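What follows is a single chain, given as structure tokens, in the form deposited in one PDB entry.
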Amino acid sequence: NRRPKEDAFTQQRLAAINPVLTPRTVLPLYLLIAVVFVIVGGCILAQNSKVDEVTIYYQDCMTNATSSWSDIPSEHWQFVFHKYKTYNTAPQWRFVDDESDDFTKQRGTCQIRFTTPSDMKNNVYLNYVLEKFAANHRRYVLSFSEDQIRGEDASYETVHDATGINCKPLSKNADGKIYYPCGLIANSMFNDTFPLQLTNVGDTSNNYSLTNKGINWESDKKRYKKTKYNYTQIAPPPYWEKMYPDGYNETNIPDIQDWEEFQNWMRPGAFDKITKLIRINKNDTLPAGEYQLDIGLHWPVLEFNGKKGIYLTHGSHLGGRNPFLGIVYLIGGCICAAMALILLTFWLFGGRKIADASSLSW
């Protein structure tokens, strides 16, 4: 016979819950989600308020900082210390000129003396912050060679004519030696020479050491690989010509596997603020002290009125000080209780039988 197969799937008789949203099931569900999210919101804000951060903008250090120590204008620095809420002891900055640097747009050394009144714990992250540097335009974020990130001695057509991601405005120079970290992302790599320590101002042989190791993920060394170009095949990018004044020698070619500041730069920031790790110390903790950052100024930001800064923090597990997750778990927790309140009171002062509001039998 023809007789379709009867097996509770083809008969559309699968086992099923058929959920009916009575106020006996939904109003305690709101209160339960309201209870968790004021607790998760209370415990996120509590841990977030302990996140101490030092943000010092130094884009104006060639201009507004003298050769002497002057307090930075309060426009530039933001200090958050939860043990010291009314903390206003301003950081200092001075500018050593370096007339041999011959660049004059961003040269010299911005020495920055901040005073953290509370110690940061074991991981101490020195981040540089870039504001208004737009690393998220569509030509910018596609401009590199993935062959050359992967350590390949890639030809001209694989760095320039690669279909998604190519080094398109910056493939090769005038004499045809291709740029080894080609593309706009590698070219515009944030120079500024950050030190390998914080100099403890007012203490001898207790300089808080920093390191450029442990700066990217360890796993990017699977993707970032040592290059296979001869030194005859490659040139530095055009804005790296001051780092390598003579092109690439037999020994000066940067192994981008070890060079993590490149690897952090080559991850373009999603948004208009850009925070990239440049110096970490995973070994020791940073005491309550007055410390000094000598930044070799090489990265111009003022011609686009952008900011350029230092972000010295020990984050939380949620990363950084940001009140959003704590506030908005509270808001969603206070909203689920407010609407457990509105719907319960409307169910008492209205409310109906669960059997006959049907339009047919009126």
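Residues that one form lacks are left out of the comparison. Residue indices: 1-based, along the sequence shown. In this text, the rigid core denotes the largest set of C-alpha atoms whose superposition between the two forms falls within 1.5 Å.
Keep in mind that the form deposited in another entry is not shown, yet the notes after this line are about it.
The Cα position of residue 351 differs by 2 Å or more between the shown form and the other one after fitting on the rigid core. Residue displacement note: residue 246 has its CA displaced by under 2 Å between the shown form and the other one (rigid core superposed). After superposition on the rigid core, the Cα of residue 205 moves by 2 Å or more between the shown form and the other one.
Legend note: Cα of residue 342 to Cα of residue 357 is at least 3 Å farther in the other entry than in the depicted form. In sequence order, the runs of three or more residues whose C-alphas all shift by 2 angstroms or more between the shown form and the other one, with the rigid core superposed, are 203-205, 349-361.
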